[PDB]
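**Student:** Input: one structure, supplied below.
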Ligand SMILES: NC(=O)c1ccc[n+]([C@@H]2O[C@H](COP(=O)([O-])OP(=O)(O)OC[C@H]3O[C@@H](n4cnc5c(N)ncnc54)[C@H](OP(=O)(O)O)[C@@H]3O)[C@@H](O)[C@H]2O)c1
Ligand SMILES: NC(=O)c1ccc[n+]([C@@H]2O[C@H](COP(=O)([O-])OP(=O)(O)OC[C@H]3O[C@@H](n4cnc5c(N)ncnc54)[C@H](OP(=O)(O)O)[C@@H]3O)[C@@H](O)[C@H]2O)c1
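Chains as they are written, first to last, in the authors' numbering: chain C, 2 to 384; chain B, 2 to 384.
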């Protein structure tokens with residue numbers, strides 16, 4: 002069979018010859034009990050670059066050893082690309098949210114042999130789940146593989162916005178000192194009200210990391226968390242997102258992208274936030290209305306916005322989020338740290354070993370199965 | 002009855018006429034029980050810029066009402082400055098560590114009327130304690146006033162170094178995407194070994210904030226924390242700093258500057274750290290040997306360095322910490338966030354009110370009193 006795998010490019014300085022450290026911590030389980038991926042073996046050392054074209058997610062020796070073909074490419078847009086040319090023959094498509102091979106209904110139509118679509122990572126919104134359902138296509142992602150990695154990115158970005166990190170760093174590069182310029186917009190996070198849109202694998206991990214900062218914790222979700230967990234953390238629940246953002250100094254978005262959350266943060270919901278609120282979105286770009294964020298930062302309604310997710314991906318050189326004021330953006334990198342890569346690459350292989358051995362894919366990896374939202378998809382997703 | 006106050010300059014864009022937010026949270030006491038400053042009143046709203054020349058720590062109206070004169074300037078370097086010209090006449094000298102009026106022995110001999118030296122902030126290493134001891138000069142500082150603010154700054158910088166935050170942000174501004182360039186040096190903090198030098202007010206707050214990141218926590222100190230505290234946080238105690246740094250992926254410095262800590266992180270100690278370790282120093286610049294940090298980064302013995310403290314302060318344009326590779330520095334700002342300012346300005350007034358009404362200054366504020374180390378100075382420094 003043919004496996005089509007879309008990865009981002011190697012560094013512009015070439016595939017790395019060395020890394021800054023010698024290894025990465027071994028991670029055996031996730032908070033709440035889910036085990037680390039269980040492939041029969043791995044053909045990489047955890048810590049190496051696996052998400053780029055030359056890394057190949059460490060799949061080539063295994064897949065070719067079973068006689069299948071593996072096409073790895075980064076070239077993913079247009080009828081002319083390696084991706085779309087090879088798509089009609091692929092039994093399996095793999096890509097990462099960081100450089101995603103969008104599986105629109107047109108591409109799924111052209112994909113005559115496509116049976117399995119794997120998200121090397123978390124969040125399968127780049128696949129058209131409705132069209133995947135109409136074609137008997139199993140959709141699967143490596144659940145939890147980088148949820149912790151994002152929570153660190155979230156707390157790092159909250160602190161950078163509130164304490165005014167990046168402009169102060171720029172004063173160091175500029176050769177200045179300029180204390181008053183740095184701190185005329187620099188605050189402590191302590192005793193601020195911080196709320197999260199969703200309290201899932203990421204959102205809960207964020208809430209735990211924020212607790213010893215002595216913030217006042219809030220959250221909004223379709224389902225309420227267990228009342229014990231609310232009490233051990235000091236949570237206040239809000240059945241309405243508008244209710245939360247009205248009392249919150251800082252807001253983190255940690256929900257998946259689907260019709261229920263698309264454009265959730267428009268000019269109207271943002272205009273309901275406290276003046277000078279901080280908004281962090283490591284979930285998906287479209288959950289925040291792009292020009293609304295830009296406008297609210299110009300007026301001082303938002304005192305800062307930071308995140309790593311954009312729309313589309315890659316973001317074009319002129320995308321207005323690059324130049325809007327008071328931001329702390331990165332590209333889509335939080336879920337593809339080298340530590341996270343070792344996990345979802347191992348999970349991708351685990352899914353592949355299950356597919357070619359006719360074993361069930363882990364119920365918690367499943368988003369679509371047999372023409373239905375299933376598994377995690379039934380519980381986190383809407384179509 | 003002359004008070005000599007050295008503060009940093011107003012912003013170059015002018016003293017602020019508005020702020021990004023309406024208020025700041027009311028900080029009530031510090032962890033462990035110490036009360037917030039208790040001046041009889043304050044002449045500012047918590048949240049205003051107090052540490053610049055126009056802020057005057059909010060002391061003019063108070064001090065002039067009592068018939069004293071308040072002289073405020075930022076000009077502080079050398080024999081030939083407003084500070085040294087006004088010194089022979091001042092009974093009280095106040096400065097902040099962020100823009101510090103060095104009370105060297107030579108200047109203390111000239112300060113013919115000086116009886117009180119107040120640190121508007123924490124850390125009085127800019128005052129030559131030995132000379133102040135000989136000349137019977139009381140030295141005080143607003144203990145705990147910004148310890149929590151620093152612990153936030155530390156966790157922010159740990160995450161930024163490890164996750165490669167700032168170079169990734171740069172790719173956003175340069176118009177790129179460059180996922181593999183961002184993440185070929187990007188790791189998760191989860192399950193790494195993190196150690197703190199000292200576990201006082203800052204170090205303990207650093208440790209509590211790190212605990213939910215699921216790191217393995219280490220600490221070195223001249224004296225052990227209580228067993229109950231070690232057990233609840235998961236700490237490993239090390240009797241020497243060499244013993245700690247050899248197993249630590251990340252090291253935070255949170256000890257005062259005094260003979261026991263001067264030049265502690267020199268070439269020899271740094272070469273005992275793990276290859277690719279991260280070093281964070283929000284304590285005082287001189288605890289790290291300046292050029293030893295640079296060489297260790299240039300060679301990759303340290304994967305990154307971050308801190309807000311320098312020697313001297315302000316740091317000159319050509320200071321090598323500005324241009325060394327893999328750094329995430331700020332100027333000396335963590336202790337002078339607007340939230341922190343409101344507390345040590347309140348506390349500075351409290352120390353002055355006690356002085357003028359002949360009531361004792363708080364024992365925990367005291368560093369030098371009655372010709373020897375006193376109060377906290379007896380506990381944390383040496384000479
Ligand atoms: N590199 C990155 O930046 C990165 C990495 C991984 C993931 N992500 C994004 O983050 C998303 C969540 O990650 P995760 O690990 O936490 O997955 P998860 O375990 O399924 O958590 C998602 C939670 O969102 C809740 N929620 C769902 N729909 C909602 C809605 N319409 N309104 C409010 N809340 C809603 C769901 O709970 P309820 O049913 O109780 O509402 C769910 O618990 C992912 O789907 C992905 O899009 C980004
Ligand atoms: N804006 C900023 O960046 C900022 C702000 C505030 C403070 N600081 C710096 O951070 C320092 C500490 O602040 P803090 O609030 O935590 O004061 P603190 O409460 O007195 O804590 C200092 C601790 O250092 C310990 N220690 C002392 N000497 C040591 C040594 N030779 N080796 C190892 N550990 C030693 C002491 O404990 P043991 O007796 O057990 O050793 C003490 O508990 C301050 O002195 C200041 O220089 C920086």
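Virtual Cβ for every residue (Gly too), placed ideally from N, Cα, C.
1. Evaluate contact between the region 241-252 of chain B and the region 193-205 of chain B, counting only Cβ atoms and requiring at least three cross-stretch pairs below 8 Å.
2. In chain B, which residues lie with their C-beta within 8 Å of the C-beta of residue 193 (chain C)?
3. Closer than 7 Å: is that where the CB of residue 335 (chain B) sits relative to any heavy atom of ligand 1?
4. Pull up the distance between the alpha-carbon of residue 138 (chain B) and that of residue 94 (chain B), whole angstroms please.
5. Counting along the chain, where does the alpha helix (DSSP H) carrying residue 348 (chain C) start and finish?
6. Closer than 7 Å, Cβ to Cβ, to anything on chain B: give me those residues from the region 317-331 of chain C, in chain order.
7. Would the beta-carbon of residue 98 (chain B) be found less than 7 Å away from any heavy atom of ligand 2?
8. DSSP has residue 252 (chain C) in a bridge; who is on the other side?
9. Among C:341, C:376, C:183 and C:310, which one has its Cα closest to the Cα of residue 29 (chain C)?
10. Identify, in the order they occur along the chain, each residue of the same chain with its Cβ nearer than 8 Å to the Cβ of residue 234 (chain C), setting aside the five sequence neighbours on each side.
11. Restricting to runs no shorter than 3 residues, where is the beta strand (DSSP E) found entirely within the region 63-134 of chain C?
12. Quick one: is residue 157 (chain C) near chain B, going by C-beta distance under 8 Å?
13. Is any beta-carbon of chain C found at less than 8 Å from that of residue 334 (chain B)?
14. Leaving out five residues before and five after residue 39 (chain C) in sequence, what residues of the same chain have Cβ atoms less than 6 Å from its Cβ?
15. Where residue 380 (chain B) and residue 97 (chain B) are concerned, what is the direct C-alpha to C-alpha distance, given to the nearest angstrom?
16. Just reading off the alpha helix (DSSP H) that residue 370 (chain C) is part of, what are its end residues?
17. Could you list the residues in the region 167-179 of chain B with a C-beta less than 8 Å from some C-beta on chain C, going in chain order?
18. I need the boundaries of the alpha helix (DSSP H) containing residue 273 (chain B), first residue and last residue.
19. What are the boundary residues of the alpha helix (DSSP H) that includes residue 298 (chain B)?
20. Is residue 332 (chain B) near ligand 2, in the sense that its beta carbon is under 7 Å from a heavy atom of that ligand?
21. So is the beta-carbon of residue 25 (chain B) under 7 Å away from any non-hydrogen atom of ligand 1?
22. Please determine whether the Cβ atom of residue 266 (chain B) lies at a distance below 7 Å from any heavy atom of ligand 2.
23. Quick check: the Cα distance between residue 224 (chain B) and residue 199 (chain B), rounded to an integer number of angstroms?
24. Give a yes or no on whether 8 Å exceeds the smallest Cβ distance from residue 253 (chain B) to chain C.
25. Please report the distance separating the alpha-carbon of residue 326 (chain B) from that of residue 176 (chain C).
26. Cα separation between residue 23 (chain B) and residue 331 (chain B)?
27. What is the DSSP secondary structure of residue 142 (chain B), reduced to helix, strand or coil?
28. I want to check one thing, is the minimum distance from the CB of residue 253 (chain C) to the heavy atoms of ligand 1 below 7 Å?
29. Check residue 239 (chain B) in the structure and name its three-state DSSP category.
30. Looking at C-beta atoms only, is the number of pairs between the region 139-154 of chain B and the region 167-187 of chain B that lie closer than 8 Å three or more?
31. Return helix, strand or coil for residue 328 (chain B), following the three-state DSSP convention.
32. Short of 6 Å in beta carbon distance, which residues of its chain neighbour residue 382 (chain B), apart from the five on each side in sequence? Order them along the chain.
33. On the CB-based measure, 16 or more other CB atoms within 10 Å of its CB, does residue 110 (chain B) come out buried or exposed?
34. What residues from chain B crowd round residue 187 (chain C), counting only those whose CB sits closer than 7 Å?
35. Does the beta carbon of residue 380 (chain B) fall short of 7 Å from some heavy atom of ligand 2?
36. Using a Cβ-Cβ cutoff of 9 Å, what residues of the region 265-277 of chain B are near chain C? List them in chain order.
**Tutor:** Per the coordinate set shown:
1. Using a C-beta cut-off of 8 Å, the region 241-252 of chain B makes contact with the region 193-205 of chain B, since at least three inter-stretch Cβ pairs fall below that distance.
2. Taking the first chain and counting its residues from 1, the one referred to as residue 193 (chain C) is at position 192. Within 8 Å Cβ-Cβ: 26.
3. Within the second chain, numbered from 1, the residue matching residue 335 (chain B) stands at position 334. Set against 7 Å, the gap from the CB of residue 335 (chain B) to the closest heavy atom of ligand 1 is not smaller.
4. Along the second chain, read from residue 1 onward, the residue named residue 138 (chain B) stands at position 137. Along the second chain, read from residue 1 onward, the residue named residue 94 (chain B) stands at position 93. Taking the straight line from one Cα to the other gives about 11 Å.
5. Walking along the first chain from the start, residue 348 (chain C) turns up at place 347. For residue 348 (chain C), the enclosing alpha helix (DSSP H) starts and ends at 339-357.
6. Of all residues in the region 317-331 of chain C, 318, 323, 329, 330 and 331 have a Cβ within less than 7 Å of some Cβ in chain B.
7. Within the second chain, residue 98 (chain B) is the residue found at index 97, counting from 1. Under cutoff, so the answer is yes.
8. Looking up residue 252 (chain C) in the first chain gives position 251. C:196 and C:280, per the DSSP bridge assignment.
9. Counting from one through the first chain, the residue named residue 29 (chain C) turns up at place 28. Closest option to residue 29 (chain C), Cα to Cα, is C:341.
10. By 1-based counting over the first chain, the position of residue 234 (chain C) is 233. Closer than 8 Å at Cβ, skipping near neighbours: 208, 209, 212 and 218.
11. Within the region 63-134 of chain C, the complete beta strand (DSSP E) runs of at least 3 residues fall at 70-74, 93-96 and 117-120.
12. Residue mapping note: residue 157 (chain C) aligns to position 156 of the first chain, counting from 1. Under the Cβ criterion of 8 Å, residue 157 (chain C) is counted among the residues facing chain B.
13. Reading the second chain from its first residue, position 333 is the one you call residue 334 (chain B). Chain C, which has a Cβ nearer than 8 Å to the Cβ of residue 334 (chain B), makes this yes.
14. Along the first chain, one-based indexing puts residue 39 (chain C) at 38. Hits under 6 Å: 351.
15. Here residue 380 (chain B) corresponds to residue number 379 of the second chain, with the count starting at 1. Here residue 97 (chain B) corresponds to residue number 96 of the second chain, with the count starting at 1. Annotation: residue 380 (chain B) to residue 97 (chain B) spans about 21 Å, alpha carbon to alpha carbon.
16. Sequence index remark: in the first chain, residue 370 (chain C) carries index 369 (1-based). Note, residue 370 (chain C): premise wrong, no alpha helix (DSSP H); beta strand (DSSP E) at 367-370.
17. Listed in sequence order: 167, 169, 170, 172, 173, 174, 176, 177, 178 and 179.
18. Numbered from its first residue, the second chain carries residue 273 (chain B) at position 272. Residue 273 (chain B) -> no alpha helix (DSSP H), and no H or E assigned at all.
19. Residue mapping note: residue 298 (chain B) aligns to position 297 of the second chain, counting from 1. Element bounds for residue 298 (chain B): 291-300.
20. Taking the first residue of the second chain as 1, we reach residue 332 (chain B) at position 331. Taking 7 Å as the cut-off, one finds no heavy atom of ligand 2 near enough to the beta carbon of residue 332 (chain B).
21. Here residue 25 (chain B) refers to the residue found at position 24 when the second chain is read from its first residue. Remark: the shortest separation between the CB of residue 25 (chain B) and any heavy atom of ligand 1 does not fall under 7 Å.
22. If you number the second chain from 1, residue 266 (chain B) lands on position 265. Incorrect: residue 266 (chain B) has no Cβ contact closer than 7 Å to ligand 2.
23. Within the second chain, residue 224 (chain B) is the residue found at index 223, counting from 1. Within the second chain, residue 199 (chain B) is the residue found at index 198, counting from 1. So the alpha carbons of these two residues sit roughly 9 Å apart.
24. Within the second chain, numbered from 1, the residue matching residue 253 (chain B) stands at position 252. In terms of beta-carbon proximity, residue 253 (chain B) stays away from the interface with chain C, with every pair separated by 8 Å or more.
25. Indexing the second chain from 1 puts residue 326 (chain B) at position 325. Indexing the first chain from 1 puts residue 176 (chain C) at position 175. Just so you know, the alpha carbons of residue 326 (chain B) and residue 176 (chain C) end up roughly 15 Å apart.
26. Start at 1 with the first residue of the second chain, and residue 23 (chain B) comes out as number 22. Start at 1 with the first residue of the second chain, and residue 331 (chain B) comes out as number 330. Going by the C-alpha atoms only, they are around 25 Å apart.
27. If you number the second chain from 1, residue 142 (chain B) lands on position 141. Residue state, collapsed to three classes: strand.
28. The residue labelled residue 253 (chain C) in the question sits at position 252 within the first chain. Not so, every heavy atom of ligand 1 lies at least 7 Å from the Cβ.
29. Translated into the one-based positions of the second chain, residue 239 (chain B) becomes position 238. Strand.
30. The region 139-154 of chain B vs the region 167-187 of chain B: no contact.
31. The sequence position of residue 328 (chain B) within the second chain is 327, counting from 1. Residue state, collapsed to three classes: strand.
32. Residue mapping note: residue 382 (chain B) aligns to position 381 of the second chain, counting from 1. The residues are 257 and 259.
33. Position 109 of the second chain, counting from 1, holds the residue named residue 110 (chain B). Exposed: under 16 other Cβ atoms inside 10 Å.
34. Along the first chain, one-based indexing puts residue 187 (chain C) at 186. The answer, in chain order, is 334, 338 and 339.
35. Numbered from 1 along the second chain, position 379 holds the residue referred to as residue 380 (chain B). Result yes, Cβ under 7 Å from ligand 2.
36. Going along the region 265-277 of chain B in chain order, one finds 275, 276 and 277 with a Cβ nearer than 9 Å to chain C.
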